[PDB]
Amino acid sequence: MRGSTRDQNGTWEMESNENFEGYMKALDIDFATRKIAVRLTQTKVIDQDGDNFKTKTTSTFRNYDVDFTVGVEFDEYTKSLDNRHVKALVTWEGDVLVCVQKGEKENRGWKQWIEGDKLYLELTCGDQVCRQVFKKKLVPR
């Protein structure tokens, strides 16, 4: 994948989500939670000021909010998911925003990037990959 810009500011609405179930299962998220969440549309709001990100990902079930500074390791406590601690680090690879979440689970993290007018997010855990695509609702520019 390739990002067309590093500017991810805006509000984005999920248009597709594939293998979210597998990703959730890899995280040991319980059956009932997976069934509720799997096909609920998510909205993602990104407020990005240089290296500082505040993100909110919302549905009518749960929200999944995380704030970070690019290039600064942090203790991510995953209360909205599996209630674990990971050492999270978000870096740029080109114009792809890459997060590695070090901890118990292998190969855990995500990659987020813009292609033109859409936002893409690939979430990984173990041997599972979830691919999400979001259409634009609002961007500043």
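Don't overthink the numbering: it's just position in the shown sequence, from 1.
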Between 62-70 and 85-93, which has the larger average Cα B-factor in the PDB entry? 62-70
So 105-113 or 43-51, which one's hotter by mean CA B-factor in the entry? 43-51
Sorting the chain's modelled residues by C-alpha B-factor, tell me whether residue 135 ends up in the lowest, middle or highest third. middle
Residue 27, C-alpha B-factor rank within chain (lowest, middle or highest third): middle
Among modelled residues of the same chain, the CA temperature factor third for residue 127: highest
